[PDB]
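Chemist: First piece of the complex, coordinates kept as in the full assembly:
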Amino acid sequence: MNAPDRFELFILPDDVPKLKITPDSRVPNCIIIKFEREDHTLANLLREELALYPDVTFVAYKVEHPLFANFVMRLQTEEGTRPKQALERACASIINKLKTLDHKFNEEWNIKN
Amino acid sequence: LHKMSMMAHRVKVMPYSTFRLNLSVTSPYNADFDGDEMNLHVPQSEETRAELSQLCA
Amino acid sequence: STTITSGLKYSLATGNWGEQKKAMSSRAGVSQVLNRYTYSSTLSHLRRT
Amino acid sequence: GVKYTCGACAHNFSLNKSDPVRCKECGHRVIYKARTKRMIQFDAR
Amino acid sequence: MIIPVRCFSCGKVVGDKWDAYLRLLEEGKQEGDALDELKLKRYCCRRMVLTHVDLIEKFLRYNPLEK
């Protein structure tokens, strides 16, 4: 009766932006990123990738409520680095890691086929 | 049984068909989630809304 | 023939064990609707005192 | 005008809102309506 | 009522193994050995075939309502 539609977990409304960024003025060089229609799958990947960068001093995320499909991430880098550049570097690095993983799996599967 | 059995909360609209409570307030209500039901009453005036938010909160 | 028929049918239908015009002071609840929610519930209902 | 099915011999027939409620061939007193001709669709969930 | 298509817990397809399970039990194999022969390792899957009650064989005994 009051159950929401299941496609609302991943289908993005037109008026809702996928990615909203607002600065966090309490500490220097910090931003708050709000991801819509995402969950732990992308969030944990990004967080653990960014935690290893020497120029990222704080990274965290939280899912406010399990019944709503979104999460909010806090990122805070050194003085030299803008946080959005660090986020882009994390995305590209994980993409390269996945690409080489796929290549190696294909090689191994062909060998053992 | 006592006056803490009627308290005024702030509405948050949520999906699905059950009332939802922070678990700390289950003690004054003597309530648990094994099938209990609770009543909700809506004030219909500015005066009554102020009374609820300033006295029974 | 209507006397016995109506008396028995009324007492079994309503559960008041007595004449229709003496419904007060009669033992009520003798006859109940069989509980058919599940097999065990029916078996329990048929062996109740 | 509307089809019906007997409750014992499963014989199809029809009634005109004036015939007695009865199966024509076995005389059963209980009959059932037939399924609608509309489209029935389910979400398979 | 009738053997479920998928195991509830994990999702393995167990709906195609009811007839084979009955055939194996017919030959005298034990229930554990029959379930092992069908390659049902996880006990979540084993409970699906082990505890299924086949009620459709009782519903089919009633005369069909149409002809």
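Modeler: That came in fine, so what should we check first? Numbering: from 1, shown residues only, chains lettered A, B, ... in the order given.
Chemist: quick one: whichever residue of chain E sits closest to chain B from residue E:21, how far?
Modeler: Taking CB to the nearest CB as the measure, chain E has residue E:8 as its residue closest to chain B, at 21.7 Å. Every residue, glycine included, has its C-beta placed from N, CA and C. In this view, residue E:8 and residue E:21 are 17 Å apart by CB to CB, to the nearest Å.
Chemist: More neighbours: those two, which one.
Modeler: Per other CB atoms under 10 Å in any protein chain shown, whichever of residue E:8 and residue E:21 has more neighbours is residue E:21, with 21 against 11.
Chemist: In which helix or strand does residue D:39 reside?
Modeler: Secondary structure assigned from DSSP states H and E places residue D:39 in neither a helix nor a strand.
Chemist: Residue E:67 against residue D:8, yeah?
Modeler: No: between residue E:67 and residue D:8 there is no contact under CB atoms under 8 Å: 11.4 Å.
Chemist: Between the two, which is the more surrounded one?
Modeler: residue D:8 (14 against 10).
Chemist: so what's the backbone phi/psi at the more buried one?
Modeler: Phi and psi for residue D:8, reported as degrees, to the nearest 10, are phi -120, psi -50.
Chemist: Surely it is in contact with residue D:27?
Modeler: No: counting by CB under 8 Å, residue D:8 does not reach residue D:27; the two are 9.3 Å apart.
Chemist: Tell me which residues touch the spatially most central residue of chain C, please.
Modeler: Nearest to the mean C-alpha position of chain C, counting by CA atoms, centre = their mean, stands residue C:31 at 2.0 Å. Taking CB atoms under 8 Å, 6 or more residues apart in numbering or on different chains, we find residue C:31 in contact with C:11, C:12, C:13, C:14, C:15, C:17.
Chemist: Taking the residues you listed, tell me the two that lie furthest apart.
Modeler: Using CB to CB, the two most remote members of those are C:13 and C:17, lying 11.8 Å apart.
Chemist: sorry, back to before: okay, now the residue lying closest to the residue of chain E closest to chain B once chain neighbours are set aside: neighbour count?
Modeler: Excluding its sequence neighbours, the residue lying closest to residue E:8 (CB to CB, 6 or more residues apart in numbering or on different chains) is residue E:48, at 7.0 Å. When neighbours are counted by other CB under 10 Å, residue E:48 registers 23.
Chemist: and then chain F:
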Amino acid sequence: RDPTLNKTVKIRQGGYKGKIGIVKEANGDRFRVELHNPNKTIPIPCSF
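Modeler: Take a look at chain F, now in place beside the chains above:
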């Protein structure tokens, strides 16, 4: 007088493509159609 009221309809676009329903409310440009597939009623534009 809303000739499409109480008529079987099919949805051709959106998240309910190809679902059979019956029109219930026909105020204007926003039709309320009950779905046969789940037990619910949804708004939908006339173009859909």
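Chemist: returning to that earlier point: which of the helices or strands spans the residue nearest to the centre of chain C?
Modeler: Here residue C:31 is assigned to no helix or strand, by DSSP H and E.
Chemist: what ranges do the strands span in chain C?
Modeler: With strands called from DSSP state E, chain C shows none.
Chemist: So which residues of it form helices?
Modeler: C:2-14, C:39-45 (DSSP state H).
Chemist: what does the longest one rub up against?
Modeler: If I follow you right, that is helix C:2-14. With CB under 8 Å, 6+ apart, helix C:2-14 has contacts from C:16, C:17, C:18, C:19, C:20, C:30, C:31.
Chemist: want to throw the residues you listed into CSV with distance to residue B:35?
Modeler: Shown next, in CSV, are the contacts of helix C:2-14 (distance: CB to CB, whole Å):
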residue, distance to residue B:35
C:16, 33
C:17, 35
C:18, 38
C:19, 42
C:20, 40
C:30, 31
C:31, 30
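Chemist: Would you mind measuring from the residue nearest to residue C:15 when sequence neighbours are not counted to chain D?
Modeler: Counting by CB to CB, 6+ apart, residue C:15 lies nearest to residue C:31, which is 4.2 Å off, once chain neighbours are set aside. Here residue C:31 is placed at a distance of 27 Å from chain D (CB to the nearest CB, to the nearest Å).
Chemist: which bits of chain B sit near chain A?
Modeler: Contacts of chain B with chain A, taken as CB under 8 Å from any CB of the partner chain, map to B:14, B:15, B:16, B:17.
Chemist: if you set the cut-off to 10 Å instead, what comes out?
Modeler: Contacts of chain B with chain A, taken as CB under 10 Å from any CB of the partner chain, map to B:14, B:15, B:16, B:17, B:18, B:20.
Chemist: what's around the first one, how many residues?
Modeler: Applying other CB under 10 Å, we find 14 other residues in the vicinity of residue B:14.
Chemist: Might one say that it is in contact with residue A:67?
Modeler: Yes: in this structure residue B:14 lies within contact range of residue A:67 using CB atoms under 10 Å: 6.8 Å.
Chemist: which residues are in contact with both of these two?
Modeler: Taking CB atoms under 10 Å, 6 or more residues apart in numbering or on different chains as the criterion, residue B:14 and residue A:67 both touch A:4, B:20.
Chemist: throw chain G on there as well:
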Amino acid sequence: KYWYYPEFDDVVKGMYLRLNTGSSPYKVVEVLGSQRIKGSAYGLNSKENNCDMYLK
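Modeler: So, slotting chain G in with the rest:
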């Protein structure tokens, strides 16, 4: 649908209908009457369609 009606005997009287000669060229025959024949139950349309009415 109508052979068991009491009036069907007079209804079918004098009617013209297509008949399978069998010996097939279909031809028309004139109904001189009807005669119920006990023990001559026959399948009319299906197996369950037993009929005792006969057309002369």
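Chemist: let's see the contacts of helix C:2-14 again after adding chain G.
Modeler: C:16, C:17, C:18, C:19, C:20, C:23, C:26, C:28, C:29, C:30, C:31.
Chemist: Now do the closest residue to the fourth one other than its chain neighbours: how many residues are near it, please.
Modeler: On the basis of CB to CB, 6+ apart, the spatially nearest residue to residue C:19 that is not a chain neighbour turns out to be residue C:7, at 6.8 Å. Residues contacting residue C:7 under the criterion other CB under 10 Å number 13.
Chemist: Could you measure from residue C:7 over to residue C:14?
Modeler: 11 Å.
Chemist: Show me where chain B has its helices.
Modeler: Going by DSSP H, chain B shows helices at B:46-55.
Chemist: Just give me the neighbour total for the residue in it that chain E sits nearest to.
Modeler: Here the residue of chain B nearest chain E is residue B:16; by CB to the nearest CB that distance is 21.7 Å. Counted with other CB under 10 Å, residues neighbouring residue B:16 total 10.
Chemist: Please list all residues in contact with it.
Modeler: Each residue near residue B:16 by CB under 10 Å, 6+ apart is listed here: A:1, A:2, A:3, A:4, A:67.
Chemist: rerun at 6 Å
Modeler: residue A:2 (CB atoms under 6 Å, 6 or more residues apart in numbering or on different chains).
Chemist: for residue F:40, same thing?
Modeler: Counting by CB under 6 Å, 6+ apart, residue F:40 makes contact with nothing.
Chemist: That one and residue F:33: what is the separation?
Modeler: Distance from residue F:40 to residue F:33, by CB to CB: 10 Å.
Chemist: Also residue A:104?
Modeler: 52 Å.
Chemist: of these two, who's got more company?
Modeler: Taking neighbours as other CB under 10 Å, residue A:104 and residue F:33 compare with residue F:33 leading, 23 against 10.
Chemist: where exactly do the helices run in chain E?
Modeler: Under the criterion DSSP H, chain E contains helices at E:18-26, E:31-37, E:43-50, E:56-59.
Chemist: how far away is the residue of chain C found nearest chain E from chain A?
Modeler: Nearest residue of chain C to chain E: residue C:39, at 12.1 Å (CB to the nearest CB). For residue C:39, the distance to chain A equals 30 Å [CB to the nearest CB].
Chemist: ok, that residue - how many residues close by?
Modeler: By other CB under 10 Å, neighbour count at residue C:39 equals 8.
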